[PDB]
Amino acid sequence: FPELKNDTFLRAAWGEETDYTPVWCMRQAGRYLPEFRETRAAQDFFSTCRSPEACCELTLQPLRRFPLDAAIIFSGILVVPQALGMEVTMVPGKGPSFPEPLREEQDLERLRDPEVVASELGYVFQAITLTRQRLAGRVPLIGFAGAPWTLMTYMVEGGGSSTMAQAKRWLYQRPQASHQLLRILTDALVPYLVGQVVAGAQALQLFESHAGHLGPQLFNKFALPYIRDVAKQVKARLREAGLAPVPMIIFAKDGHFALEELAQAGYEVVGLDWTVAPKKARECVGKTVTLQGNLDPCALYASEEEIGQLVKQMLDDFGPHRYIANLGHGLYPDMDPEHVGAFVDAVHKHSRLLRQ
């Protein structure tokens, strides 16, 4: 692959000092860009995900507008449940759905052997290799997947939920079947994530988007072991294949209660939502791991000047070391691309001022 030119994001992820603070935005390829809407209008979402050229194009679009310090491959988190044998539908103005969710233990019988899932996800690897080539070393390419618990929630609930009452009812009433499903997902995620790196991914982020519905006790029992296993096994397989392990990011949204554990879970970077004050986060995680985040995405509705001030304050709190700037969640569809650019520029400007 082409040699990396701007590696600031990788150096930061590993905890090295850098000349400025690298920045990227979750959902940087998203509907807030008119050009994203134009490209997506041709196919449906899961069909777009299966076109390497379409994925590459959507990945590159934000970088043409903004000097972001990383690209993230365009794909879905639900590709993994899909590859395990569940049928997803994408609903107009309402979202993804599994019309036949898992609701009893016997339903696990209809899933694929997790060892074959990577083969079913060849299209993601194709998208990654293409994008890595087309980026031509400008910035690093991040691969991603959903964490085991979060994927379990979509598979059991059949979509999003305000309570995760059905998936939590599995944890309490069906602990064994829950651990079985969580192990299947882990065993599918490991080869998938390793394949992303084989294909050219230079960093990996695991999205535990539904962490917050668990308290500490359930998170430690049912989410954390599998978070840990994913990191440990992905690094093991990469080293055994003669490849370099990549920095791994764990993002547990609404996971304030788990930060101290997450810092010891074998991820280089711990991503933060906007509800955790940066200084408190730093106390929780300690002085090795890198923090990523965490501006309220809604702060981008403020004026460009206001965004600059909020960014300044955020960077003062995090300090210069062991930090990668981002939002505390993904960009929303009604956001102004010029305010995303304001965000990116302010991180670069103030992080330099903070050093010299």
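Just count from 1 along the sequence shown to find any residue number.
76-84 and 97-105 differ in mean CA B-factor, and the higher of the two is recorded for 97-105.
Averaged over Cα atoms, the B-factor as recorded in the entry is higher for 284-292 than for the other of 284-292 and 22-30. Considering 308, 297, 52, 62 together, the PDB entry gives 308 the largest C-alpha B factor. As recorded in the entry, 240 carries the highest CA temperature factor of 240, 273, 229, 208. Ranked within its chain, residue 169 lands in the middle third, by CA B factor from the PDB record.
Among all modelled residues in its chain, residue 42 ranks in the highest third by Cα B-factor. Among the modelled residues of the chain, residue 320 sits in the highest third by CA temperature factor in this PDB entry. Among the modelled residues of its chain, residue 235 has a C-alpha B-factor that falls in the middle third according to the deposited record. The deposited CA B-factor of residue 264 belongs to the middle third of values across its chain.
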